[PDB]
Amino acid sequence: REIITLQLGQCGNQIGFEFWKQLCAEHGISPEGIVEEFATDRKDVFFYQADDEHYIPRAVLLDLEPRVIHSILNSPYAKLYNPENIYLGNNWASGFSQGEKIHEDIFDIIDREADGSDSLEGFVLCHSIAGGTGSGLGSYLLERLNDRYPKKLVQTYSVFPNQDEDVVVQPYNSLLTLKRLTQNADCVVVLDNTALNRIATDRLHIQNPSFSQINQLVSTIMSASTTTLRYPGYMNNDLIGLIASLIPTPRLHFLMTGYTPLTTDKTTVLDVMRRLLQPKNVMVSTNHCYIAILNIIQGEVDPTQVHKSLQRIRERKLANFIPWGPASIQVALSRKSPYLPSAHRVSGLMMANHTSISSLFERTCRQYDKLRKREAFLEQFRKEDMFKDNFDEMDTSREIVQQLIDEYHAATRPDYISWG
Amino acid sequence: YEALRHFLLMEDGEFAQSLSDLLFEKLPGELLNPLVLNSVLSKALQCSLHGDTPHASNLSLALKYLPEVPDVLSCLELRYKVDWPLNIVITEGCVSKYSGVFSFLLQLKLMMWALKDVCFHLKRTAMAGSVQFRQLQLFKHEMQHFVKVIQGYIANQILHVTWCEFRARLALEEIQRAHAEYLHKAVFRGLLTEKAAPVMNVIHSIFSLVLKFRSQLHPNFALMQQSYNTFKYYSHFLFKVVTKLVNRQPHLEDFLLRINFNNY
C-alpha cells in the first residue's frame with residue numbers, strides 16, 4: 001500500500017528535499033512537476049496523484065523556527081509541494097516538552113494525510129539522532145504514531161552522531177532516542193556520519209564542505225533502497241515482506257547498508273558480490289559477525305551467473321560468520337532504472353544485521369556513565385528538571401540498552417537457546 | 001509470450017499480490033460461481049499497470065470442479081486464449097501444461113499468505129517481552145527462510161534461464177519447436193518429473209505443517225514445538241535425497257545449495 005514519509009530536523013528536511021529531487025530526476029515528471037511524455041514505474045506509494053499535472057510527494061514537512069526552509073522555498077521545486085504544514089529546542093527533554101504542548105495540531109496534520117489516502121502501509125521517519133530540533137520531537141511523534149496505529153509499519157532513516165568526542169548532552173539524547181526506536185519502531189535503517197565522511201575523503205579531496213557531498217551519498221542510498229518498491233519486483237516489493245525476512249529476533253532491527261560504486265564522479269555477479277562483502281564498500285562502521293544478510297542487485301544481470309556467484313562465496317570461506325540458525329545469506333534481483341542517464345550500470349545493495357554497531361552503542365553507554373559520575377554535564381534545564389525530577393528515566397533507558405547489549409552479545413554466538 | 005509470462009507464470013507485481021490476497025480472504029461455503037473473480041481479474045490488471053492491452057482480454061479464470069468440501073486445495077485455472085491463425089502455433093496442448101504449472105505456483109502463493117497471517121498474528125501481541133513469545137516467533141522466521149529458498153530456486157530456473165533461451169531461438173516450424181522446448185524445459189525445471197518426484201513429495205508434508213502452525217494461537221506451545229521439530233526432520237531428510245539424485249543433475253544442482261548455506 002501507500003507509504004507516508006515524515007521529515008524533521010534541518011538536516012533531515014535537507015536530505016528529504018534532495019531525496020525528492022533525486023526521485024523527480026527518477027520519475028516521469030519535470031522539475032516544475034509537469035508530466036513528461038518520454039515514459040514500468042509506479043508513482044503511487046510516495047506521490048499523491050491528482051490531475052493537477054504536479055504530482056505531490058507524500059511528505060509531511062514539520063519544523064521549528066524555519067531557517068533553511070526559506071532556502072527550500074527559493075527553488076524550482078516550490079511548485080512540487082505546498083501542503084501548508086510549516087510551523088514555527090536544545091535538548092531531548094526540552095524538545096520533548098515542546099512537542100508535548102503542540103501535539104494536537106501536528107497530529108491534525110498527520111490525520112489529514114491519513115484521511116487523504118485510503119490505503120496505508122507505513123511511515124518513514126527522516127530524523128537525525130541527538131540533532132537538537134529533531135531530537136525530543138521526533139521521539140515524541142514516534143511514540144504517538146506507534147501508539148495510535150498498531151496496524152501499520154514504522155521505518156526510520158537515521159544517521160548516527162559521531163565526532164570522536166563538542167556536545168556534552170548527546171549520550172543522554174541518543175540513549176533515550178535509542179530506547180524509543182527499539183520500542184516504538186519495527187525497523188531502523190542506521191547510518192553514521194563518520195564512515196561516510198571517511199569514504200568521501202577517500203573518493204574526493206574534501207575537508208570543509210563535507211555536508212553537501214555526504215547528502216548526495218545518503219540520497220543515492222535511499223533511492224537505491226526504494227528501487228525495489230517503486231519499480232515492481234516480485235520479492236519484498238512491499239515493506240512488510242521486506243522487513244519480515246530481516247528480523248531474526250524482535251530486539252534486532254538495525255540494518256547495515258553498503259553500495260558497490262564507491263565513486264561514480266564488464267561485470268559478472270561474483271565480482272560485485274565479492275566487492276560487496278568488503279568493509280570499504282560498507283557504509284556503516286572479539287568475534288563480531290552478521291546474523292543474516294540480504295543483498296539486492298540492480299543492473300544488467302544474467303540469471304544463471306547469480307547462482308554461480310553465490311556458489312563462489314560458499315567456496316571462498318568468506319563465510320566466517322556463525323549464528324545459531326540456518327537463516328542464511330539472501331540474493332535478490334531488481335532492474336536498473338531507465339529514463340535517466342545511468343552510469344556504472346550494475347550496482348549493488350546490502351541489508352544486513354551486523355553486531356559490530358553494538359560497539360558504537362556501548363561508546364555512548366560509556367560516555368553517559370562517566371558524565372553520570374561527574375554530574376556537571378546535564379546542563380540542568382528547567383523543563384528538563386520538571387519533566388523528570390530524579391532523572392531515573394535515563395537510568396531505566398540505560399538498563400534497557402544494557403539488556404540490548406547483552407542480547408546482542410548472546411546473538412553473536414551459536415548459543416541462543418537460553419535468553420541473554 | 002511476454003503476456004503469458006506476466007499472466008500464468010506470474011511475472012507481474014500487484015497482479016499476483018492482488019489476486020491471491022483477495023481470493024484467500026473469502027475461503028469453502030463461498031466463492032462457488034466464476035462470475036466475481038473473473039471480474040476481480042479485470043480489476044487486478046488495472047492495479048498492475050499492465051492492463052488495457054488486447055492481451056488483457058480473452059482471459060478466463062474459472063473453477064474446473066466444485067469441491068465436495070486443514071485445506072490446501074487448488075482447482076482454479078487461469079487461461080489465456082488466442083485467435084485462429086495463431087492457434088496453430090500456440091496449440092491447445094501447451095496451454096493445458098501452462099495451466100498445470102499455474103496450479104503449482106498458485107499453491108506456492110498460499111504459503112506466503114498463511115505465513116504472513118501468523119506473522120501478523122504474532123505481531124499483534126507485542127508492553128513487555130516474554131520467553132514464550134520469542135521462542136515461538138523463531139519458528140516463523142525459520143519456516144520463512146525455507147520458502148525464500150524454494151522461491152529462489154524457481155526464480156532462477158523457470159522464469160529466467162529458459163528466458164535467456166527462447167530469446168535467441170526465435171530468430172515456420174522453428175517457432176513451434178522453440179515454443180515446445182520452452183514449455184518442456186519449464187515442466188522439467190518445475191520438479192514435476194518422475195525423476196525428482198521424491199523431491200516433490202516432501203514439499204507437501206512441509207506445506208501441511210505450516211498450515212497446522214497457522215491455525216493455532218502453555219497456551220498450546222508444545223503442540224507447535226513438535227510441528228517445528230517434524231519440519232526440521234523432513235528438511236534434513238530432503239538434504240540427503242537431493243544428494244542421491246545428483247550422484248545418479250544440472251538443474252538439481254541449484255537446489256542442494258539453496259537449502260543449505262555455511263552448514264553441514
# chains A, B, ... in the order shown; residues from 1 in each chain; ligands from 1
>>> interface_residues(of="chain A", to="chain B", cutoff="7 Å", atoms="only C-alpha atoms", output="PyMOL selection string")
chain A and resi 232-234+248+303-304+314+319+327-328
>>> write_last_selection(atoms="C-alpha atoms", output="compact mmCIF listing (two decimals), in the first residue's frame")
# COMPACT_ATOMS: atom_id res chain seq x y z
CA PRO A 232 7.65 -3.69 -9.45
CA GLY A 233 9.75 -6.61 -8.38
CA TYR A 234 8.23 -9.79 -7.04
CA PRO A 248 15.50 -12.94 13.40
CA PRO A 303 20.14 -15.16 -14.13
CA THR A 304 22.43 -18.18 -14.07
CA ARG A 314 30.23 -20.52 -0.48
CA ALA A 319 31.52 -17.01 5.46
CA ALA A 327 18.61 -18.44 8.17
CA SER A 328 21.13 -17.66 5.51
>>> atom_distance(atom1="CA of residue 170 (chain A)", atom2="CA of residue 122 (chain A)")
28.8 Å
>>> residues_around(residues="residue 212 (chain B)", least_positions_apart="5", cutoff="10 Å", atoms="only C-alpha atoms", output="short mmCIF file (atom, residue, chain, number, x, y, z; two decimals) with N, CA and C atoms, in the first residue's frame")
data_model
loop_
_atom_site.label_atom_id
_atom_site.label_comp_id
_atom_site.auth_asym_id
_atom_site.auth_seq_id
_atom_site.Cartn_x
_atom_site.Cartn_y
_atom_site.Cartn_z
N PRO B 70 -7.05 -29.36 7.68
CA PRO B 70 -6.78 -28.06 7.05
C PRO B 70 -6.64 -28.19 5.54
N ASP B 71 -7.06 -27.16 4.81
CA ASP B 71 -7.24 -27.25 3.36
C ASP B 71 -6.10 -26.59 2.59
N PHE B 207 4.27 -28.15 3.59
CA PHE B 207 3.14 -27.22 3.49
C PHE B 207 2.08 -27.49 4.55
N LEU B 223 2.54 -28.43 21.29
CA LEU B 223 1.97 -29.00 20.06
C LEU B 223 2.54 -28.33 18.82
N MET B 224 2.96 -27.07 18.92
CA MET B 224 3.59 -26.36 17.82
C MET B 224 5.10 -26.60 17.76
N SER B 227 5.60 -29.64 15.90
CA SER B 227 5.43 -29.42 14.46
C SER B 227 6.69 -28.85 13.83
#
>>> residues_around(residues="residue 103 (chain A)", least_positions_apart="4", cutoff="12 Å", atoms="only C-alpha atoms", output="list in words")
residues 96, 97, 98, 99, 107, 108, 109, 110, 111, 137, 138, 140, 141, 143, 144 and 145 of chain A
>>> write_last_selection(atoms="C-alpha atoms", output="mmCIF file, in the first residue's frame")
data_model
loop_
_atom_site.group_PDB
_atom_site.id
_atom_site.type_symbol
_atom_site.label_atom_id
_atom_site.label_comp_id
_atom_site.auth_asym_id
_atom_site.auth_seq_id
_atom_site.Cartn_x
_atom_site.Cartn_y
_atom_site.Cartn_z
ATOM 1 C CA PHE A 96 10.081 16.598 24.044
ATOM 2 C CA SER A 97 8.149 19.120 26.161
ATOM 3 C CA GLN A 98 7.845 21.495 23.200
ATOM 4 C CA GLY A 99 6.456 18.615 21.142
ATOM 5 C CA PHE A 107 -1.402 15.313 14.823
ATOM 6 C CA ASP A 108 -4.179 17.014 12.868
ATOM 7 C CA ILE A 109 -1.613 17.407 10.070
ATOM 8 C CA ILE A 110 -0.948 13.654 10.410
ATOM 9 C CA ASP A 111 -4.674 12.838 10.409
ATOM 10 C CA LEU A 137 10.187 15.961 18.971
ATOM 11 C CA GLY A 138 10.928 13.018 16.673
ATOM 12 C CA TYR A 140 7.616 12.029 20.769
ATOM 13 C CA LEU A 141 5.850 11.661 17.421
ATOM 14 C CA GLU A 143 5.775 7.173 20.314
ATOM 15 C CA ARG A 144 2.497 8.719 19.179
ATOM 16 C CA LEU A 145 2.168 7.210 15.703
#
>>> select_by_dssp(residues="region 33-117 of chain B", states="strand (DSSP E)", output="list in words")
residues 59, 60, 61, 62, 63, 76, 77, 78, 79 and 80 of chain B
>>> atom_distance(atom1="CA of residue 308 (chain A)", atom2="CA of residue 325 (chain A)")
23.8 Å
>>> residues_around(residues="residue 279 (chain A)", least_positions_apart="3", cutoff="12 Å", atoms="only C-alpha atoms", output="list in words")
residues 195, 199, 256, 257, 258, 259, 260, 262, 274, 275, 276, 282, 283, 284, 285, 289, 350, 354 and 356 of chain A
>>> write_last_selection(atoms="N, CA, C and O atoms", output="PDB file, in the first residue's frame")
ATOM      1  N   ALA A 195      31.743   7.018   8.850  1.00  0.00           N
ATOM      2  CA  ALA A 195      32.109   6.170   7.718  1.00  0.00           C
ATOM      3  C   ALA A 195      31.802   6.841   6.384  1.00  0.00           C
ATOM      4  O   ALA A 195      32.548   6.672   5.409  1.00  0.00           O
ATOM      5  N   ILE A 199      34.645   7.638   3.545  1.00  0.00           N
ATOM      6  CA  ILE A 199      34.534   7.268   2.134  1.00  0.00           C
ATOM      7  C   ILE A 199      34.570   8.510   1.242  1.00  0.00           C
ATOM      8  O   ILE A 199      35.163   8.492   0.155  1.00  0.00           O
ATOM      9  N   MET A 256      22.387  -2.958   8.146  1.00  0.00           N
ATOM     10  CA  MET A 256      23.632  -2.432   7.615  1.00  0.00           C
ATOM     11  C   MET A 256      23.484  -2.178   6.129  1.00  0.00           C
ATOM     12  O   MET A 256      22.808  -2.927   5.411  1.00  0.00           O
ATOM     13  N   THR A 257      24.111  -1.095   5.680  1.00  0.00           N
ATOM     14  CA  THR A 257      23.933  -0.622   4.320  1.00  0.00           C
ATOM     15  C   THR A 257      25.303  -0.464   3.665  1.00  0.00           C
ATOM     16  O   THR A 257      26.274  -0.028   4.300  1.00  0.00           O
ATOM     17  N   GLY A 258      25.368  -0.855   2.390  1.00  0.00           N
ATOM     18  CA  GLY A 258      26.534  -0.657   1.557  1.00  0.00           C
ATOM     19  C   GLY A 258      26.126  -0.244   0.155  1.00  0.00           C
ATOM     20  O   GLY A 258      24.940  -0.205  -0.187  1.00  0.00           O
ATOM     21  N   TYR A 259      27.131   0.051  -0.669  1.00  0.00           N
ATOM     22  CA  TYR A 259      26.889   0.479  -2.042  1.00  0.00           C
ATOM     23  C   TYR A 259      28.130   0.176  -2.868  1.00  0.00           C
ATOM     24  O   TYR A 259      29.226   0.643  -2.536  1.00  0.00           O
ATOM     25  N   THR A 260      27.967  -0.607  -3.938  1.00  0.00           N
ATOM     26  CA  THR A 260      29.134  -1.101  -4.666  1.00  0.00           C
ATOM     27  C   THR A 260      29.865  -0.037  -5.492  1.00  0.00           C
ATOM     28  O   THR A 260      31.105  -0.100  -5.550  1.00  0.00           O
ATOM     29  N   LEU A 262      31.730   2.951  -5.136  1.00  0.00           N
ATOM     30  CA  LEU A 262      32.267   3.885  -4.155  1.00  0.00           C
ATOM     31  C   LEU A 262      32.544   5.243  -4.774  1.00  0.00           C
ATOM     32  O   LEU A 262      32.551   6.257  -4.070  1.00  0.00           O
ATOM     33  N   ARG A 274      31.759 -10.086  -4.353  1.00  0.00           N
ATOM     34  CA  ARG A 274      32.990 -10.091  -3.569  1.00  0.00           C
ATOM     35  C   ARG A 274      33.412  -8.672  -3.208  1.00  0.00           C
ATOM     36  O   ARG A 274      33.860  -8.414  -2.082  1.00  0.00           O
ATOM     37  N   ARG A 275      33.253  -7.734  -4.150  1.00  0.00           N
ATOM     38  CA  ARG A 275      33.432  -6.314  -3.860  1.00  0.00           C
ATOM     39  C   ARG A 275      32.429  -5.832  -2.816  1.00  0.00           C
ATOM     40  O   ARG A 275      32.735  -4.946  -2.010  1.00  0.00           O
ATOM     41  N   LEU A 276      31.229  -6.420  -2.816  1.00  0.00           N
ATOM     42  CA  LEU A 276      30.180  -6.054  -1.874  1.00  0.00           C
ATOM     43  C   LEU A 276      30.515  -6.474  -0.451  1.00  0.00           C
ATOM     44  O   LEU A 276      30.183  -5.759   0.502  1.00  0.00           O
ATOM     45  N   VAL A 282      31.174  -0.991   2.491  1.00  0.00           N
ATOM     46  CA  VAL A 282      30.159  -0.899   3.532  1.00  0.00           C
ATOM     47  C   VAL A 282      30.140   0.531   4.069  1.00  0.00           C
ATOM     48  O   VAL A 282      31.187   1.184   4.181  1.00  0.00           O
ATOM     49  N   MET A 283      28.933   1.053   4.313  1.00  0.00           N
ATOM     50  CA  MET A 283      28.737   2.435   4.741  1.00  0.00           C
ATOM     51  C   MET A 283      28.572   2.610   6.252  1.00  0.00           C
ATOM     52  O   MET A 283      28.459   3.752   6.711  1.00  0.00           O
ATOM     53  N   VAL A 284      28.522   1.532   7.037  1.00  0.00           N
ATOM     54  CA  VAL A 284      28.341   1.631   8.487  1.00  0.00           C
ATOM     55  C   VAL A 284      29.575   1.072   9.188  1.00  0.00           C
ATOM     56  O   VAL A 284      30.026  -0.033   8.879  1.00  0.00           O
ATOM     57  N   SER A 285      30.095   1.814  10.165  1.00  0.00           N
ATOM     58  CA  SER A 285      31.381   1.494  10.804  1.00  0.00           C
ATOM     59  C   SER A 285      31.391   0.181  11.593  1.00  0.00           C
ATOM     60  O   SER A 285      32.192  -0.707  11.292  1.00  0.00           O
ATOM     61  N   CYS A 289      30.045 -10.443  13.920  1.00  0.00           N
ATOM     62  CA  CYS A 289      29.712 -11.013  12.626  1.00  0.00           C
ATOM     63  C   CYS A 289      28.221 -10.884  12.355  1.00  0.00           C
ATOM     64  O   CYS A 289      27.423 -10.669  13.272  1.00  0.00           O
ATOM     65  N   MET A 350      23.264  -3.966   0.084  1.00  0.00           N
ATOM     66  CA  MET A 350      23.187  -4.939   1.165  1.00  0.00           C
ATOM     67  C   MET A 350      22.263  -4.428   2.263  1.00  0.00           C
ATOM     68  O   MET A 350      22.215  -3.227   2.546  1.00  0.00           O
ATOM     69  N   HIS A 354      24.232  -6.762  11.532  1.00  0.00           N
ATOM     70  CA  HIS A 354      25.604  -6.916  11.994  1.00  0.00           C
ATOM     71  C   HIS A 354      25.723  -6.354  13.402  1.00  0.00           C
ATOM     72  O   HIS A 354      25.158  -5.302  13.709  1.00  0.00           O
ATOM     73  N   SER A 356      28.574  -5.412  14.918  1.00  0.00           N
ATOM     74  CA  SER A 356      29.715  -4.528  15.169  1.00  0.00           C
ATOM     75  C   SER A 356      29.254  -3.165  15.675  1.00  0.00           C
ATOM     76  O   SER A 356      29.928  -2.537  16.507  1.00  0.00           O
TER      77      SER A 356
END
>>> closest_residue(among="A:41, A:265, A:271, A:2", to="residue 200 (chain A)", atoms="only C-alpha atoms")
A:265
>>> residues_around(residues="residue 146 (chain A)", least_positions_apart="5", cutoff="12 Å", atoms="only C-alpha atoms", output="VMD selection string")
(chain A and resid 122 to 125 139 to 141 151 to 155 180 to 186) or (chain B and resid 126)
>>> write_last_selection(atoms="C-alpha atoms", output="PDB file, in the first residue's frame")
ATOM      1  CA  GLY A 122       3.996   2.545   6.505  1.00  0.00           C
ATOM      2  CA  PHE A 123       5.536   5.677   7.941  1.00  0.00           C
ATOM      3  CA  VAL A 124       9.154   6.576   7.151  1.00  0.00           C
ATOM      4  CA  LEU A 125      10.742   8.889   9.729  1.00  0.00           C
ATOM      5  CA  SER A 139      10.916  10.547  19.561  1.00  0.00           C
ATOM      6  CA  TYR A 140       7.616  12.029  20.769  1.00  0.00           C
ATOM      7  CA  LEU A 141       5.850  11.661  17.421  1.00  0.00           C
ATOM      8  CA  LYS A 151      -1.599  -2.000  12.179  1.00  0.00           C
ATOM      9  CA  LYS A 152       0.985  -0.062  10.151  1.00  0.00           C
ATOM     10  CA  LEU A 153       4.751  -0.330   9.782  1.00  0.00           C
ATOM     11  CA  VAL A 154       7.310   2.102  11.203  1.00  0.00           C
ATOM     12  CA  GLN A 155      10.609   2.585   9.375  1.00  0.00           C
ATOM     13  CA  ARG A 180      12.235   4.946  21.660  1.00  0.00           C
ATOM     14  CA  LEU A 181      13.467   3.449  18.377  1.00  0.00           C
ATOM     15  CA  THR A 182      13.761  -0.028  19.897  1.00  0.00           C
ATOM     16  CA  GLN A 183      10.294   0.033  21.474  1.00  0.00           C
ATOM     17  CA  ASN A 184       8.388   2.355  19.095  1.00  0.00           C
ATOM     18  CA  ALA A 185       9.769   1.324  15.690  1.00  0.00           C
ATOM     19  CA  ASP A 186       9.696  -2.042  13.945  1.00  0.00           C
TER      20      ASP A 186
ATOM     21  CA  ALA B 126       3.793  -7.334  21.165  1.00  0.00           C
TER      22      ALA B 126
END
>>> select_by_dssp(residues="region 63-201 of chain B", states="helix (DSSP H, G or I)", output="ChimeraX atom specification")
/B:84-87,94-123,131-161,173-188,197-201
